[PDB]
Protein chains: 2
Amino acid sequence: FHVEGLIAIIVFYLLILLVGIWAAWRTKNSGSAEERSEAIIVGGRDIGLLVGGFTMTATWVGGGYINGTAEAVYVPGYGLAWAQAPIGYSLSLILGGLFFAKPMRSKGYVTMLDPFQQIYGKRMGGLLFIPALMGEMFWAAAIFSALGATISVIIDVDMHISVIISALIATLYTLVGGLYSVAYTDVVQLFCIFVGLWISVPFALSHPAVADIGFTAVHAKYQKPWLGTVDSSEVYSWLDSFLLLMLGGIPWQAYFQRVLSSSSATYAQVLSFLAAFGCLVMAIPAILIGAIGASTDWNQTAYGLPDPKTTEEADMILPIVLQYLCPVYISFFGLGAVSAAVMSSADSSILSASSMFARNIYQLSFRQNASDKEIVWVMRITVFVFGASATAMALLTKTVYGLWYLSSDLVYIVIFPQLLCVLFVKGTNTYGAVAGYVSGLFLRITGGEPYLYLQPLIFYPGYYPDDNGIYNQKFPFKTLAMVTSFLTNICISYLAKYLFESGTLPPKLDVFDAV
Amino acid sequence: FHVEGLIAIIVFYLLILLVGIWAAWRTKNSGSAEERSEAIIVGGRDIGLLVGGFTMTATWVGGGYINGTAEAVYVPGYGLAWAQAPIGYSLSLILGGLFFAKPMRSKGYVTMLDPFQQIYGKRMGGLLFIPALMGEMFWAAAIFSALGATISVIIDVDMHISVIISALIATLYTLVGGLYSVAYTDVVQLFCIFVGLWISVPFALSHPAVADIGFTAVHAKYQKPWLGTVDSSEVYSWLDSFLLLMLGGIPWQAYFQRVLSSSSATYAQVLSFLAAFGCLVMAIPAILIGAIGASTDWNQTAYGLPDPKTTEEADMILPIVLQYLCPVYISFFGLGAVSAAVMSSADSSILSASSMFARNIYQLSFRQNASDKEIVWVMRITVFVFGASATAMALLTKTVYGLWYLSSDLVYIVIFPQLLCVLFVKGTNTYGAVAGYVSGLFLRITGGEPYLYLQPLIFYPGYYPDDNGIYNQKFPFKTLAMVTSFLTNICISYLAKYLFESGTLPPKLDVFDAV
Ligand SMILES: CCCCCCCCCCC(CCCCCCCCCC)(CO[C@@H]1O[C@H](CO)[C@@H](O[C@H]2O[C@H](CO)[C@@H](O)[C@H](O)[C@H]2O)[C@H](O)[C@H]1O)CO[C@@H]1O[C@H](CO)[C@@H](O[C@H]2O[C@H](CO)[C@@H](O)[C@H](O)[C@H]2O)[C@H](O)[C@H]1O
Ligand SMILES: CCCCCCCCCCC(CCCCCCCCCC)(CO[C@@H]1O[C@H](CO)[C@@H](O[C@H]2O[C@H](CO)[C@@H](O)[C@H](O)[C@H]2O)[C@H](O)[C@H]1O)CO[C@@H]1O[C@H](CO)[C@@H](O[C@H]2O[C@H](CO)[C@@H](O)[C@H](O)[C@H]2O)[C@H](O)[C@H]1O
Ligand SMILES: *[C@@H]1O[C@H](CO)[C@@H](O[C@@H]2O[C@H](CO)[C@@H](O[C@@H]3O[C@H](CO)[C@@H](O)[C@H](O)[C@@H]3O)[C@H](O)[C@H]2NC(C)=O)[C@H](O)[C@H]1NC(C)=O
Ligand SMILES: *[C@@H]1O[C@H](CO)[C@@H](O[C@@H]2O[C@H](CO)[C@@H](O[C@@H]3O[C@H](CO)[C@@H](O)[C@H](O)[C@@H]3O)[C@H](O)[C@H]2NC(C)=O)[C@H](O)[C@H]1NC(C)=O
Ligand SMILES: CC(C)CCC[C@@H](C)[C@H]1CC[C@H]2[C@@H]3CC=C4C[C@@H](OC(=O)CCC(=O)O)CC[C@]4(C)[C@H]3CC[C@]12C
Ligand SMILES: CC(C)CCC[C@@H](C)[C@H]1CC[C@H]2[C@@H]3CC=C4C[C@@H](OC(=O)CCC(=O)O)CC[C@]4(C)[C@H]3CC[C@]12C
Ligand SMILES: C[N+]1(C)CCO[C@@](O)(c2ccc(-c3ccc([C@@]4(O)C[N+](C)(C)CCO4)cc3)cc2)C1
Ligand SMILES: C[N+]1(C)CCO[C@@](O)(c2ccc(-c3ccc([C@@]4(O)C[N+](C)(C)CCO4)cc3)cc2)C1
């Protein structure tokens, strides 16, 4: 059982819990006494540059970002060219810092939905809250499932117990404390994941069993080369994936909660670049470990004859190299690193979802008149209930990954064009917003779901048949949908504004405010 | 001749020159119009945290810090344990940030010597200026010589031409601009050295000729192991070297010019830690390259049979691996990295020396009444003349390295105890300062000079005979001298204060101000 590993894990958990408790103690004079909700939600709009950069780049890298890259590098047929997580995340952060998040700090805003609830109606603000909430919960569930799998592989510990303990730790953090506590925990977690991941590269590379990883990047050894060039017949799919990972990670409440906490705007502008650099630095060891796993031969290690690819467990290729190609005291460090990244991403996501709901649904839509104590108690109970819901989804269900992918898709397709319209273009009244949202949502769900083999419905050129024969798509409908939403929103909003201006349609049926 | 390399070098030089010119253009409204000297010297006391950290950690790493570490790792009999540059620099920065540089920013100060000229007399302020000036010039000369050797090895270019061009570039930077221009150049130079050094590690490691670098760390292959454990009979020397590199890099005008430019004190406090982290990150590839050079066999590479150790050119072990174990387009990148680090350290040192002199010797000691234009012209001519002097010393002399070591020693032994006394303890009048400085200086020069085989004079236990038979020392006299200076300064200052207080010695002979 290696009781030393369990003791180290529990004392590390207690140490980060003590850090969170100290942060909660420190967070007692943030602002005056009648803005407790706003204070706990946005940290009092006062953090340092380094602390913000560290907490944000710890938020983005959360274990799934490591495992997906490692698996994509390792699994034959994907290669390195199909592991678009590093470049996608880095360029998404760079684009966000360049274009967005400067106006967000320019105005006095609390969450992502505040501009939306200000421009459109309260109904529209409550309606756009569903996709982002679903995406954040699904992401947290997937991250928790990945952590459970890693724990179960590393030590003979039940997945349920590990995920329950880690999630309870996350709720005990983000319930007793808010943004301050979560950022102070993420600062330590960043260093934990760095010292864990970057220290296991020389250990694995110098293994006698492993071959020359440079020879396999252009030649074949035990399998197809791990570089993985993309064929010309699938360039559209690669561009679609790049666009999704480039423009679908920017309209996330985790990003906007951290930008709307710096004392100024240039602080957040350079925070984005620091986060991108940290994301690249974190992605490098994952790529290296994936390459090591791809360019090594089993039947000489403690694993045995059947490779991970045949046994269909390549989703956890990282904690398999970290276990069978490194000593025990390096394996425990890497497990701690993965757990710390998972905890950081999970707590950040759950706090962002709670911050979105317990304000933009409760005090601006349902109870416009409520005491600060009531709202803070709603805050504290909402963090717990949403964490419990994410835990139940992660533990009692097995289709979490595909649902998470679909939820991220939906978040991108819905929020990003609407965020672009509300932040950059003028006009963009709710009359066109409803039509754009409906069109994008229905076009995406009719675009085809190939993971859960649910329904292809509308056929697009390419007609790719999977194992079940369900027709898969090739056209970039995942981004055609976003562009369709953008143009239809602009056109319909301007048409409504022009028709109202000319008086051709009677103002009697003006349901919303566009006169 | 590889004209592509020369073209790349000259266009890189022109690019950084354009960056410096743009910085000089930007630095035109720093403060009001009657503080031109103070503005050009301390950057207007307004820089960002990231810019300050980057410029400072680029200042510390300057090519010599790389070559010395690589040579110490490579040369047999030294090993890794005797390469105390990384830990020494990092802990010096950490100690500085913790203890010093908070009071420096607390008071309104311009250079290191301002507290000294304020507490002691103008004569004492002018007297302590000599050692730091000599140390900075000697360091710049050594760095320039190292760059010349690297250029001469990489390309068939005369050393004189390369050092002249690089030094002229440095003067053209720090003459047209001050702290702002030097920091804006160092920011780009940091990224240049990073992308140069850290990109040549996988290229050299994957060489067919090189052996397993992990096997040679505890075993012997072609030579003694490159780890290099320190014998128990030389522990005192190791502790002496560690103390020198730990407490002798803190009282340097390069450090205090960069701390006395941030808008606050916590900015500099965390700037020190950022600099230490950057220094460690820069030191890692140097250690790796030294290990690669130590654990590789010639007679299979383009070099030939005689190893660098036998030919006695191990001082440039880094640009030898970078040349014969990497392709041409990686060798040029590494050469650019080394040149950028050299330029950063040289320009920082020359600007610090000019800032010290042209203020604390000229406007507070000689011409108390002078126009701002006169002082700025003195600034601009002093930068050029000191750069030319450093260039002449680096080019026309061959004993630069040992003189630089002795100058750093002297700077440590003299400044650091006096800085400690003036910054921390009370009393410490000039009456004891004179005695402490004289005692430390004479004790150090009588402690023995083993490099230039000049004079051992006073014998200390150990009686180590070198090739010439000159007795070398073992006792930690290099730190005994500093502790002797500290205690004698404290004791003599307090004795003078007590004697003045009691009236036992008549106040007629009170030369200085201690009544
Ligand atoms: C500046 C930055 C880089 C610095 C380091 C550069 C060099 C890296 C060296 C890597 C290194 C140390 C680990 C990393 C330390 C440094 C971490 C630094 C982190 C921070 C940067 C890898 O050695 C490690 O341990 C095992 C070897 O010991 C090896 O395999 C083992 O464990 C697997 C898992 O449990 C598992 O499959 C199985 O048990 C093994 O297969 C592991 O895969 C490996 O991780 C080198 O160790 C060298 O490897 C030698 C065999 O080549 C090894 O045996 C040699 O000596 C023996 C007598 O001592 C002698 O009897 C042997 O005959 C001789 O061969 C020695 O240990 C050592 O000489
Ligand atoms: C992080 C940013 C930087 C990344 C840089 C990545 C590229 C680095 C260079 C690529 C590289 C490292 C791979 C590293 C993997 C991990 C990378 C990612 C890590 C981070 C995620 C692998 O290159 C592989 O090496 C093979 C040999 O092992 C070689 O030949 C194989 O395929 C052939 C058909 O193509 C086939 O005919 C052949 O039979 C195969 O054997 C191929 O080039 C290739 O397969 C090293 O190769 C570089 O070039 C030379 C060999 O080409 C190598 O030696 C040569 O040049 C010396 C100097 O001039 C000089 O002595 C000699 O001319 C010669 O000895 C260099 O020393 C090395 O530097
Ligand atoms: C992959 O794993 C297989 C496991 O079967 C390795 O097979 C090895 O084959 C050699 C050659 O026959 C065996 O050596 C001799 O085997 C006999 C039994 O037939 C034994 O009595 C002798 O004492 C001697 O060991 C070897 O045992 C066998 N390995 C094992 C574990 O039994 C094979 O080499 C591996 N590598 C590949 C296929 O690349
Ligand atoms: C270190 O360098 C020496 C260079 O002399 C290497 O010596 C090599 O020795 C082999 C074995 O004799 C030579 O192979 C044969 O040499 C004869 C000449 O005696 C030649 O006519 C044959 O065609 C064949 O090449 C080899 O040439 C020779 N190397 C050279 C460059 O001449 C030695 O192997 C190297 N490595 C060590 C000592 O570990
Ligand atoms: C996260 C990714 C998208 C960006 C950061 C990593 C890349 C900059 C690295 C990762 C792996 C590297 C590759 C690994 C191996 C090789 C083979 C190497 O050798 C050959 O192709 C054979 C000919 C030769 O040796 O020159 C050339 C560099 C290349 C393509 C490397 C180019 C740079 C790559 C793509
Ligand atoms: C700049 C320095 C002072 C600090 C940063 C680098 C060190 C943390 C690294 C550099 C080289 C490393 C060493 C390189 C090789 C080895 C051999 C390695 O294997 C053995 O000693 C044999 C037994 C075994 O394999 O466990 C153990 C780790 C060790 C000492 C490493 C320990 C960590 C070291 C000292
Ligand atoms: C080939 N697979 C293994 C199957 C699915 O396609 C993939 O290429 C893929 C595509 C997108 C993702 C993805 C993951 C997370 C997110 C996310 O919502 C998560 N964050 C919010 C954490 C940051 C980025 O946005 C978006 C896209 C993951 C895997 C990976
Ligand atoms: C064994 N050798 C090769 C011979 C001399 O002893 C060494 O260990 C050694 C000792 C100290 C140094 C040293 C170099 C620079 C400095 C410096 O003045 C330079 N900076 C101001 C740049 C930072 C540190 O302080 C101090 C000590 C260099 C080499 C190296």
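These residue numbers are counts, starting from 1, taken along the chain as shown.
Every residue, even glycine, has its Cβ placed from backbone N, Cα and C.
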Have a look at B:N299, B:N369 and find the one that Swiss-Prot tags as N-linked glycosylation site.
B:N299
Identify the topological domain of B:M159 and of B:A433 in Swiss-Prot, and say whether both name the same side of the membrane.
no
Over all shown protein chains, what is the count of other CB atoms within 10 A of the CB belonging to B:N299 (N-linked glycosylation site)?
11
Can you say which of B:47-67, B:236-256, B:405-425 has the most Cβ pairs under 8 Å with the transmembrane segment (B:163-183)?
B:47-67
Chain residues outside the topological domain 'Extracellular' (B:294-315) and at least six past its termini with a C-beta under 8 angstroms from it:
67, 71, 73-76, 146, 149, 207, 209-213, 215-216, 221-223, 226, 321, 324-325
Same-chain residues at least 6 beyond the ends of the transmembrane segment (B:273-293) whose Cβ lies under 8 Å from its Cβ atoms:
49, 53-54, 56-58, 60-61, 65-67, 69-74, 80, 83, 85-86, 89-91, 93-94, 97, 190, 193-194, 197-198, 200-201, 204-205, 207, 210, 213, 216-217, 226, 308, 317-318, 320-322, 325
Which stretch, B:5-25, B:80-100, B:375-395, B:405-425, B:480-500, tops the Cβ pairs under 8 Å count with the transmembrane segment (B:236-256)?
B:80-100
Assigned element (helix, strand, coil) containing B:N299 (N-linked glycosylation site), judged by DSSP:
coil
